[PDB]
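Dumped model.json below, it's JSON, C-alpha atoms (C1' of nucleotides):
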```json
[["chain", "number", "residue", "atom", "x", "y", "z"],
["Q", 72, "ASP", "CA", -50.18, 3.62, -7.05],
["Q", 73, "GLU", "CA", -49.70, 1.53, -10.29],
["Q", 74, "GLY", "CA", -47.68, 4.47, -11.83],
["Q", 75, "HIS", "CA", -45.15, 4.61, -8.91],
["Q", 76, "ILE", "CA", -44.74, 0.75, -9.07],
["Q", 77, "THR", "CA", -44.62, 0.83, -12.93],
["Q", 78, "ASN", "CA", -41.74, 3.39, -12.72],
["Q", 79, "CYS", "CA", -40.06, 0.93, -10.24],
["Q", 80, "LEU", "CA", -40.72, -2.16, -12.49],
["Q", 81, "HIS", "CA", -38.96, -0.32, -15.42],
["Q", 82, "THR", "CA", -35.59, -0.11, -13.51],
["Q", 83, "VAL", "CA", -35.25, -3.97, -13.64],
["Q", 84, "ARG", "CA", -34.35, -3.68, -17.36],
["Q", 85, "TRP", "CA", -30.81, -2.35, -16.41],
["Q", 86, "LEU", "CA", -29.83, -4.67, -13.44],
["Q", 87, "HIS", "CA", -26.29, -6.06, -14.23],
["Q", 88, "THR", "CA", -23.50, -8.38, -12.78],
["Q", 89, "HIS", "CA", -20.63, -6.33, -14.37],
["Q", 90, "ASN", "CA", -20.67, -2.45, -14.77],
["Q", 91, "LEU", "CA", -19.45, -1.16, -18.26],
["Q", 92, "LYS", "CA", -19.79, 2.53, -17.05],
["Q", 93, "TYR", "CA", -17.76, 2.31, -13.79],
["Q", 94, "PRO", "CA", -14.61, 4.40, -14.57],
["Q", 95, "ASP", "CA", -16.43, 6.80, -16.97],
["Q", 96, "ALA", "CA", -20.12, 7.79, -16.98],
["Q", 97, "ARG", "CA", -19.95, 8.72, -20.74],
["Q", 98, "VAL", "CA", -20.10, 5.02, -21.88],
["Q", 99, "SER", "CA", -23.51, 4.45, -23.62],
["Q", 100, "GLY", "CA", -25.29, 1.17, -24.67],
["Q", 101, "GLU", "CA", -26.53, -2.20, -23.13],
["Q", 102, "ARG", "CA", -26.05, -3.97, -19.69],
["Q", 103, "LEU", "CA", -23.82, -7.11, -19.12],
["Q", 104, "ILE", "CA", -25.02, -10.28, -17.20],
["Q", 105, "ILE", "CA", -22.48, -13.17, -17.03],
["Q", 106, "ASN", "CA", -21.85, -16.08, -14.60],
["Q", 107, "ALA", "CA", -18.40, -15.87, -12.88],
["Q", 108, "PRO", "CA", -15.48, -17.56, -14.79],
["Q", 109, "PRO", "CA", -14.04, -20.94, -13.55],
["Q", 110, "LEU", "CA", -11.58, -20.58, -10.62],
["Q", 111, "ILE", "CA", -7.84, -20.33, -11.51],
["Q", 112, "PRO", "CA", -5.72, -21.51, -8.48],
["Q", 113, "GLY", "CA", -3.23, -18.58, -8.83],
["Q", 114, "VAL", "CA", -5.75, -15.66, -9.31],
["Q", 115, "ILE", "CA", -8.11, -13.66, -7.05],
["Q", 116, "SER", "CA", -11.38, -12.97, -8.99],
["Q", 117, "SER", "CA", -15.22, -13.20, -8.76],
["Q", 118, "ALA", "CA", -15.00, -17.02, -9.41],
["Q", 119, "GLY", "CA", -15.08, -17.76, -5.62],
["Q", 120, "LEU", "CA", -18.06, -15.42, -4.84],
["Q", 121, "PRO", "CA", -21.86, -15.96, -4.90],
["Q", 122, "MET", "CA", -24.23, -14.37, -7.53],
["Q", 123, "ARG", "CA", -25.21, -10.61, -6.96],
["Q", 124, "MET", "CA", -26.70, -7.76, -9.15],
["Q", 125, "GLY", "CA", -26.56, -3.88, -9.11],
["Q", 126, "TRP", "CA", -28.13, -0.86, -10.97],
["Q", 127, "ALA", "CA", -26.94, 2.05, -13.25],
["Q", 128, "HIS", "CA", -28.78, 4.44, -15.69],
["Q", 129, "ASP", "CA", -30.35, 7.92, -14.93],
["Q", 130, "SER", "CA", -29.32, 9.99, -11.96],
["Q", 131, "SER", "CA", -33.02, 10.47, -11.07],
["Q", 132, "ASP", "CA", -33.96, 6.86, -10.43],
["Q", 133, "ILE", "CA", -31.81, 5.88, -7.35],
["Q", 134, "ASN", "CA", -34.79, 5.50, -4.90],
["Q", 135, "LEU", "CA", -37.26, 3.83, -7.40],
["Q", 136, "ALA", "CA", -34.64, 1.09, -8.24],
["Q", 137, "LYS", "CA", -34.42, 0.06, -4.48],
["Q", 138, "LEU", "CA", -37.81, -1.88, -4.51],
["Q", 139, "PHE", "CA", -36.56, -4.74, -6.78],
["Q", 140, "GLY", "CA", -32.71, -4.48, -6.85],
["Q", 141, "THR", "CA", -32.12, -4.66, -3.06],
["W", 1, "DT", "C1'", -34.42, 23.87, -23.16],
["W", 2, "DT", "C1'", -34.81, 22.13, -18.34],
["W", 3, "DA", "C1'", -35.09, 19.43, -13.63],
["W", 4, "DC", "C1'", -33.15, 15.81, -10.86],
["W", 5, "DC", "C1'", -30.13, 13.39, -7.91],
["W", 6, "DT", "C1'", -25.76, 11.82, -4.03],
["W", 7, "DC", "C1'", -22.67, 10.79, 2.16],
["W", 8, "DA", "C1'", 73.10, -18.50, -8.27],
["W", 9, "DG", "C1'", 67.94, -18.55, -9.25],
["W", 10, "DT", "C1'", 62.96, -17.22, -11.94],
["W", 11, "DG", "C1'", 59.71, -15.97, -16.51],
["W", 12, "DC", "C1'", 58.91, -16.15, -22.03],
["W", 13, "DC", "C1'", 60.39, -17.96, -26.78],
["W", 14, "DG", "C1'", 62.04, -20.38, -31.06],
["W", 15, "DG", "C1'", 62.78, -24.84, -33.41],
["W", 16, "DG", "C1'", 63.95, -29.23, -34.53],
["W", 17, "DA", "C1'", 63.07, -33.65, -32.68],
["W", 18, "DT", "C1'", 61.50, -38.20, -29.68],
["W", 19, "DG", "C1'", 57.89, -40.68, -28.97],
["W", 20, "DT", "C1'", 53.13, -42.22, -29.18],
["W", 21, "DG", "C1'", 48.08, -43.90, -30.75],
["W", 22, "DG", "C1'", 44.71, -45.07, -34.57],
["W", 23, "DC", "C1'", 43.88, -46.90, -39.36],
["W", 24, "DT", "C1'", 44.87, -50.33, -42.94]]
```
Would you write the structure of this file as structure tokens?
Amino acid sequence: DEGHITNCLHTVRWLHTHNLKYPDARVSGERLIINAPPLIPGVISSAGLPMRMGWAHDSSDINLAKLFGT
DNA sequence: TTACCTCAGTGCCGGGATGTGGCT
């Protein structure tokens, strides 16, 4: 089903490393993809963690995004 | 406009004076 897979391929455009909408769903615009900052000895942060991505956009997609973003 | 999607002491006080240490 090229249509089902096409709808799934489209979700890739909004995979991100950092989520600009987290505290408030009203924020509108582009995604953010950045490598973790250099480690600071006195601070707990993403600097000590491996690279991972997530997904946010329409409520409807949830299932269709799972093929490539898992 | 709509559909979607989450697990005998003592204590101050004045005042003139003895003596001293640094500069020339």
Residues of chain W within 9 Å of chain Q, counting all atoms listed in the file - could you list those as a PyMOL selection string? chain W and resi 4-6
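Counting from CA of residue 127 (chain Q), the distance to CA of residue 92 (chain Q) is 8.1 Å.
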Tell me which protein, DNA and RNA residues are within 12 Å of residue 123 (chain Q), counting only C-alpha atoms (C1' of nucleotides), leaving out same-chain ones fewer than 6 positions away, and put them as a VMD selection string. chain Q and resid 86 to 89 104 to 107 117 140 to 141
Counting all atoms listed in the file, which residues sit no farther than 10 Å from the position (-37.1, 1.6, -7.2) in the file's frame? I'd like them as a list in words. residues 75, 76, 77, 78, 79, 80, 81, 82, 83, 132, 133, 134, 135, 136, 137, 138, 139, 140 and 141 of chain Q
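Straight-line separation from CA of residue 96 (chain Q) to CA of residue 116 (chain Q): 23.9 Å.
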Distance in Å - CA of residue 110 (chain Q) versus CA of residue 122 (chain Q): 14.4 Å
With N, CA and C atoms as the goal, would you fill in the gaps in region 87-121 of chain Q and present it as an mmCIF file, in the coordinates of the input?
```
data_model
loop_
_atom_site.group_PDB
_atom_site.id
_atom_site.type_symbol
_atom_site.label_atom_id
_atom_site.label_comp_id
_atom_site.auth_asym_id
_atom_site.auth_seq_id
_atom_site.Cartn_x
_atom_site.Cartn_y
_atom_site.Cartn_z
ATOM 1 N N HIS Q 87 -27.481 -5.482 -13.560
ATOM 2 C CA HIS Q 87 -26.290 -6.060 -14.230
ATOM 3 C C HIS Q 87 -25.420 -6.821 -13.211
ATOM 4 N N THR Q 88 -24.449 -7.638 -13.654
ATOM 5 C CA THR Q 88 -23.500 -8.380 -12.780
ATOM 6 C C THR Q 88 -22.139 -7.688 -12.864
ATOM 7 N N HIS Q 89 -21.868 -7.073 -14.022
ATOM 8 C CA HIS Q 89 -20.630 -6.330 -14.370
ATOM 9 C C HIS Q 89 -21.012 -4.937 -14.880
ATOM 10 N N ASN Q 90 -20.307 -3.868 -14.464
ATOM 11 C CA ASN Q 90 -20.670 -2.450 -14.770
ATOM 12 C C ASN Q 90 -19.767 -1.779 -15.822
ATOM 13 N N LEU Q 91 -20.187 -1.734 -17.100
ATOM 14 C CA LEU Q 91 -19.450 -1.160 -18.260
ATOM 15 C C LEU Q 91 -19.188 0.353 -18.140
ATOM 16 N N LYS Q 92 -19.993 1.080 -17.357
ATOM 17 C CA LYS Q 92 -19.790 2.530 -17.050
ATOM 18 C C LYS Q 92 -18.870 2.852 -15.867
ATOM 19 N N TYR Q 93 -18.442 1.902 -15.030
ATOM 20 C CA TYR Q 93 -17.760 2.310 -13.790
ATOM 21 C C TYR Q 93 -16.726 3.446 -13.840
ATOM 22 N N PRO Q 94 -15.654 3.384 -14.643
ATOM 23 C CA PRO Q 94 -14.610 4.400 -14.570
ATOM 24 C C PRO Q 94 -15.013 5.699 -15.271
ATOM 25 N N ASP Q 95 -16.082 5.696 -16.073
ATOM 26 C CA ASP Q 95 -16.430 6.800 -16.970
ATOM 27 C C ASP Q 95 -17.899 6.771 -17.389
ATOM 28 N N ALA Q 96 -18.674 7.690 -16.814
ATOM 29 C CA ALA Q 96 -20.120 7.790 -16.980
ATOM 30 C C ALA Q 96 -20.572 8.010 -18.431
ATOM 31 N N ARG Q 97 -19.673 8.454 -19.321
ATOM 32 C CA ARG Q 97 -19.950 8.720 -20.740
ATOM 33 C C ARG Q 97 -20.247 7.441 -21.519
ATOM 34 N N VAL Q 98 -19.864 6.241 -21.077
ATOM 35 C CA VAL Q 98 -20.100 5.020 -21.880
ATOM 36 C C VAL Q 98 -21.605 4.792 -22.078
ATOM 37 N N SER Q 99 -22.084 4.652 -23.313
ATOM 38 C CA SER Q 99 -23.510 4.450 -23.620
ATOM 39 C C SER Q 99 -23.783 3.122 -24.340
ATOM 40 N N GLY Q 100 -24.909 2.450 -24.035
ATOM 41 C CA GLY Q 100 -25.290 1.170 -24.670
ATOM 42 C C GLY Q 100 -26.004 0.222 -23.700
ATOM 43 N N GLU Q 101 -25.827 -1.100 -23.869
ATOM 44 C CA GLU Q 101 -26.530 -2.200 -23.130
ATOM 45 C C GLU Q 101 -25.786 -2.643 -21.854
ATOM 46 N N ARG Q 102 -26.517 -3.320 -20.951
ATOM 47 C CA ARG Q 102 -26.050 -3.970 -19.690
ATOM 48 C C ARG Q 102 -25.266 -5.251 -20.003
ATOM 49 N N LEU Q 103 -24.625 -5.857 -18.990
ATOM 50 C CA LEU Q 103 -23.820 -7.110 -19.120
ATOM 51 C C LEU Q 103 -24.101 -8.106 -17.971
ATOM 52 N N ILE Q 104 -24.672 -9.299 -18.237
ATOM 53 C CA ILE Q 104 -25.020 -10.280 -17.200
ATOM 54 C C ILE Q 104 -24.344 -11.616 -17.525
ATOM 55 N N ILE Q 105 -23.315 -11.992 -16.765
ATOM 56 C CA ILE Q 105 -22.480 -13.170 -17.030
ATOM 57 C C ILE Q 105 -22.160 -13.908 -15.716
ATOM 58 N N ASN Q 106 -22.234 -15.234 -15.728
ATOM 59 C CA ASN Q 106 -21.850 -16.080 -14.600
ATOM 60 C C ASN Q 106 -20.320 -16.019 -14.424
ATOM 61 N N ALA Q 107 -19.824 -16.012 -13.186
ATOM 62 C CA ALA Q 107 -18.400 -15.870 -12.880
ATOM 63 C C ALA Q 107 -17.534 -16.964 -13.557
ATOM 64 N N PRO Q 108 -16.371 -16.607 -14.136
ATOM 65 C CA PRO Q 108 -15.480 -17.560 -14.790
ATOM 66 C C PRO Q 108 -15.029 -18.692 -13.838
ATOM 67 N N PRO Q 109 -14.620 -19.862 -14.359
ATOM 68 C CA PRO Q 109 -14.040 -20.940 -13.550
ATOM 69 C C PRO Q 109 -12.834 -20.453 -12.733
ATOM 70 N N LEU Q 110 -12.685 -20.954 -11.505
ATOM 71 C CA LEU Q 110 -11.580 -20.580 -10.620
ATOM 72 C C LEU Q 110 -10.215 -21.036 -11.173
ATOM 73 N N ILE Q 111 -9.255 -20.110 -11.168
ATOM 74 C CA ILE Q 111 -7.840 -20.330 -11.510
ATOM 75 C C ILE Q 111 -7.082 -20.364 -10.169
ATOM 76 N N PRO Q 112 -6.378 -21.446 -9.789
ATOM 77 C CA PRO Q 112 -5.720 -21.510 -8.480
ATOM 78 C C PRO Q 112 -4.832 -20.310 -8.114
ATOM 79 N N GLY Q 113 -4.161 -19.690 -9.086
ATOM 80 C CA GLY Q 113 -3.230 -18.580 -8.830
ATOM 81 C C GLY Q 113 -3.799 -17.159 -8.944
ATOM 82 N N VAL Q 114 -5.112 -16.977 -9.095
ATOM 83 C CA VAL Q 114 -5.750 -15.660 -9.310
ATOM 84 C C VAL Q 114 -6.931 -15.395 -8.386
ATOM 85 N N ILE Q 115 -6.971 -14.197 -7.801
ATOM 86 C CA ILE Q 115 -8.110 -13.660 -7.050
ATOM 87 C C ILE Q 115 -9.088 -13.011 -8.044
ATOM 88 N N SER Q 116 -10.351 -13.415 -8.042
ATOM 89 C CA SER Q 116 -11.380 -12.970 -8.990
ATOM 90 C C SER Q 116 -12.785 -13.227 -8.421
ATOM 91 N N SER Q 117 -13.837 -12.911 -9.179
ATOM 92 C CA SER Q 117 -15.220 -13.200 -8.760
ATOM 93 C C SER Q 117 -15.586 -14.696 -8.773
ATOM 94 N N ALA Q 118 -14.725 -15.584 -9.278
ATOM 95 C CA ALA Q 118 -15.000 -17.020 -9.410
ATOM 96 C C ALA Q 118 -15.382 -17.692 -8.073
ATOM 97 N N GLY Q 119 -14.832 -17.215 -6.956
ATOM 98 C CA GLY Q 119 -15.080 -17.760 -5.620
ATOM 99 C C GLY Q 119 -16.241 -17.105 -4.857
ATOM 100 N N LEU Q 120 -16.990 -16.190 -5.481
ATOM 101 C CA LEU Q 120 -18.060 -15.420 -4.840
ATOM 102 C C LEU Q 120 -19.450 -15.850 -5.340
ATOM 103 N N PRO Q 121 -20.483 -15.749 -4.488
ATOM 104 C CA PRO Q 121 -21.860 -15.960 -4.900
ATOM 105 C C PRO Q 121 -22.465 -14.907 -5.830
#
```
